[PDB]
There are 2 protein chains.
Amino acid sequence: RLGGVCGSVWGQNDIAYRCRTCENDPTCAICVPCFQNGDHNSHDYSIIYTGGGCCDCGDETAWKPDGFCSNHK
Amino acid sequence: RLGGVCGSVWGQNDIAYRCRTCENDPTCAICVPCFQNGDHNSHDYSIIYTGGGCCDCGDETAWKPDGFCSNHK
Ligand SMILES: [Zn+2]
Ligand SMILES: [Zn+2]
Ligand SMILES: [Zn+2]
Ligand SMILES: [Zn+2]
Ligand SMILES: [Zn+2]
Ligand SMILES: [Zn+2]
């Protein structure tokens, strides 16, 4: 749609996705909804327990733009 | 907050949560964000691959109200 960082926040035991294909570094992650609304077919992703943090979807300094979901580009 | 069913939709391989403590029946489920914004401490929950469907959070006919998240009550 016509045009934002997600920034959604995790608590200590909340799950999220690591995507090693899309991450800027190994400390980056995206929330489940952002994962599900993007294209990670064939990517090396895993479900992780975050230990807290915030979603990097839409932040080009933490996540590769081709890994953004449909709501954060 | 002052006051809705979530209704968020899953694709075939999308994950969600089953909560056997909160479900109306074994076919009910809630989305990850709704799980994370509710209280399922001590509940018998699991991450599942949905096969598609929609989130039951906020629908008293599919999910026990004490299992609703903060955005759907
Ligand atoms: Zn996100
Ligand atoms: Zn996103
Ligand atoms: Zn990816
Ligand atoms: Zn939901
Ligand atoms: Zn909810
Ligand atoms: Zn529950």
# chains A, B, ... in the order shown; residues from 1 in each chain; ligands from 1
call {"tool": "residues_around", "arguments": {"residues": "stretch 48-56 of chain B", "least_positions_apart": "4", "cutoff": "9 Å", "atoms": "only C-alpha atoms", "output": "number ranges by chain"}}
result
B: 5-18, 23, 28-31, 34, 60-63, 68
call {"tool": "interface_residues", "arguments": {"of": "chain B", "to": "chain A", "cutoff": "8 Å", "atoms": "only C-alpha atoms", "output": "CSV table (one decimal) with N, CA and C atoms, in the first residue's frame"}}
result
chain,number,residue,atom,x,y,z
B,14,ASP,N,1.9,-21.1,8.9
B,14,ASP,CA,2.1,-20.1,9.9
B,14,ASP,C,1.9,-20.7,11.3
B,32,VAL,N,0.2,-15.4,17.9
B,32,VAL,CA,1.3,-15.1,18.8
B,32,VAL,C,1.2,-13.8,19.5
B,33,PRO,N,0.9,-12.7,18.9
B,33,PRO,CA,0.7,-11.4,19.6
B,33,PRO,C,-0.4,-11.5,20.7
B,36,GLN,N,1.0,-13.4,23.6
B,36,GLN,CA,2.0,-12.6,24.4
B,36,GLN,C,1.4,-11.5,25.2
call {"tool": "residues_near_ligand", "arguments": {"ligand": "ligand 3", "cutoff": "8 Å", "atoms": "only C-alpha atoms and all ligand atoms", "output": "list in words"}}
result
residues 19, 20, 21, 22, 23, 35, 39, 40, 41, 43, 44, 45, 66 and 67 of chain A
call {"tool": "write_last_selection", "arguments": {"atoms": "C-alpha atoms", "output": "tab-separated table (two decimals), in the first residue's frame"}}
result
chain	number	residue	atom	x	y	z
A	19	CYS	CA	16.41	-14.96	9.92
A	20	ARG	CA	20.09	-15.42	9.12
A	21	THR	CA	19.48	-14.50	5.49
A	22	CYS	CA	17.90	-11.13	6.34
A	23	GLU	CA	19.55	-10.05	9.60
A	35	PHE	CA	7.80	-12.79	9.63
A	39	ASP	CA	8.93	-13.63	2.16
A	40	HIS	CA	11.48	-15.92	3.85
A	41	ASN	CA	11.01	-18.92	1.56
A	43	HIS	CA	15.84	-18.47	4.04
A	44	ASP	CA	17.72	-19.84	7.04
A	45	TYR	CA	15.26	-18.84	9.76
A	66	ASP	CA	13.98	-7.41	1.03
A	67	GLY	CA	13.13	-9.05	4.38
call {"tool": "closest_residue", "arguments": {"among": "B:46, B:71, B:1, B:27", "to": "residue B:58", "atoms": "only C-alpha atoms"}}
result
B:71
call {"tool": "select_by_dssp", "arguments": {"residues": "chain A", "states": "strand (DSSP E)", "output": "list in words"}}
result
residues 9, 10, 15, 16, 17, 18, 19, 45, 46, 47, 48, 49, 53 and 54 of chain A
call {"tool": "write_last_selection", "arguments": {"atoms": "N, CA, C and O atoms", "output": "PDB file, in the first residue's frame"}}
result
ATOM      1  N   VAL A   9       7.534  -4.882  20.940  1.00  0.00           N
ATOM      2  CA  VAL A   9       8.435  -5.211  22.042  1.00  0.00           C
ATOM      3  C   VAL A   9       8.131  -6.592  22.604  1.00  0.00           C
ATOM      4  O   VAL A   9       6.965  -6.958  22.797  1.00  0.00           O
ATOM      5  N   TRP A  10       9.188  -7.348  22.897  1.00  0.00           N
ATOM      6  CA  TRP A  10       9.072  -8.681  23.459  1.00  0.00           C
ATOM      7  C   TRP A  10       9.419  -8.655  24.936  1.00  0.00           C
ATOM      8  O   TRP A  10      10.293  -7.899  25.366  1.00  0.00           O
ATOM      9  N   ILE A  15       8.565 -15.449  22.091  1.00  0.00           N
ATOM     10  CA  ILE A  15       9.223 -15.937  20.885  1.00  0.00           C
ATOM     11  C   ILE A  15       9.195 -14.872  19.799  1.00  0.00           C
ATOM     12  O   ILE A  15       8.358 -13.952  19.771  1.00  0.00           O
ATOM     13  N   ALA A  16      10.133 -15.035  18.872  1.00  0.00           N
ATOM     14  CA  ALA A  16      10.264 -14.241  17.658  1.00  0.00           C
ATOM     15  C   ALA A  16      11.000 -15.095  16.630  1.00  0.00           C
ATOM     16  O   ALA A  16      11.283 -16.276  16.860  1.00  0.00           O
ATOM     17  N   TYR A  17      11.312 -14.504  15.487  1.00  0.00           N
ATOM     18  CA  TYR A  17      12.077 -15.180  14.448  1.00  0.00           C
ATOM     19  C   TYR A  17      13.455 -14.558  14.293  1.00  0.00           C
ATOM     20  O   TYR A  17      13.595 -13.332  14.209  1.00  0.00           O
ATOM     21  N   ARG A  18      14.464 -15.419  14.224  1.00  0.00           N
ATOM     22  CA  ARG A  18      15.741 -15.059  13.653  1.00  0.00           C
ATOM     23  C   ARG A  18      15.711 -15.447  12.185  1.00  0.00           C
ATOM     24  O   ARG A  18      15.269 -16.534  11.834  1.00  0.00           O
ATOM     25  N   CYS A  19      16.203 -14.566  11.310  1.00  0.00           N
ATOM     26  CA  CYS A  19      16.408 -14.955   9.921  1.00  0.00           C
ATOM     27  C   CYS A  19      17.849 -14.637   9.550  1.00  0.00           C
ATOM     28  O   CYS A  19      18.202 -13.467   9.375  1.00  0.00           O
ATOM     29  N   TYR A  45      15.934 -19.456   8.625  1.00  0.00           N
ATOM     30  CA  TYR A  45      15.259 -18.835   9.758  1.00  0.00           C
ATOM     31  C   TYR A  45      14.992 -19.866  10.846  1.00  0.00           C
ATOM     32  O   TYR A  45      14.933 -21.078  10.603  1.00  0.00           O
ATOM     33  N   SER A  46      14.800 -19.356  12.061  1.00  0.00           N
ATOM     34  CA  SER A  46      14.465 -20.193  13.200  1.00  0.00           C
ATOM     35  C   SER A  46      13.571 -19.419  14.154  1.00  0.00           C
ATOM     36  O   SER A  46      13.656 -18.199  14.253  1.00  0.00           O
ATOM     37  N   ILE A  47      12.707 -20.142  14.878  1.00  0.00           N
ATOM     38  CA  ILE A  47      12.000 -19.565  16.015  1.00  0.00           C
ATOM     39  C   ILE A  47      12.954 -19.510  17.198  1.00  0.00           C
ATOM     40  O   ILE A  47      13.657 -20.486  17.487  1.00  0.00           O
ATOM     41  N   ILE A  48      12.974 -18.382  17.897  1.00  0.00           N
ATOM     42  CA  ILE A  48      13.854 -18.188  19.044  1.00  0.00           C
ATOM     43  C   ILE A  48      13.045 -17.646  20.220  1.00  0.00           C
ATOM     44  O   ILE A  48      11.990 -17.027  20.051  1.00  0.00           O
ATOM     45  N   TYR A  49      13.562 -17.887  21.429  1.00  0.00           N
ATOM     46  CA  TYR A  49      13.113 -17.189  22.633  1.00  0.00           C
ATOM     47  C   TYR A  49      13.981 -15.945  22.823  1.00  0.00           C
ATOM     48  O   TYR A  49      15.212 -16.045  22.908  1.00  0.00           O
ATOM     49  N   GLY A  53      13.439  -7.519  23.771  1.00  0.00           N
ATOM     50  CA  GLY A  53      13.960  -6.750  22.668  1.00  0.00           C
ATOM     51  C   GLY A  53      12.851  -6.089  21.886  1.00  0.00           C
ATOM     52  O   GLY A  53      11.736  -5.909  22.387  1.00  0.00           O
ATOM     53  N   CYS A  54      13.164  -5.732  20.643  1.00  0.00           N
ATOM     54  CA  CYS A  54      12.175  -5.124  19.776  1.00  0.00           C
ATOM     55  C   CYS A  54      12.385  -5.550  18.330  1.00  0.00           C
ATOM     56  O   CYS A  54      13.499  -5.852  17.897  1.00  0.00           O
TER      57      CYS A  54
END
call {"tool": "closest_residue", "arguments": {"among": "B:42, B:64, B:70, B:26", "to": "ligand 5", "atoms": "only C-alpha atoms and all ligand atoms"}}
result
B:70
call {"tool": "select_by_dssp", "arguments": {"residues": "stretch 14-43 of chain B", "states": "helix (DSSP H, G or I)", "output": "PyMOL selection string"}}
result
chain B and resi 32-36
call {"tool": "atom_distance", "arguments": {"atom1": "atom 1 (Zn, counted along the ligand's line) of ligand 5", "atom2": "atom CA of residue A:4"}}
result
22.8 Å
call {"tool": "atom_distance", "arguments": {"atom1": "atom CA of residue A:59", "atom2": "atom CA of residue A:38"}}
result
14.1 Å
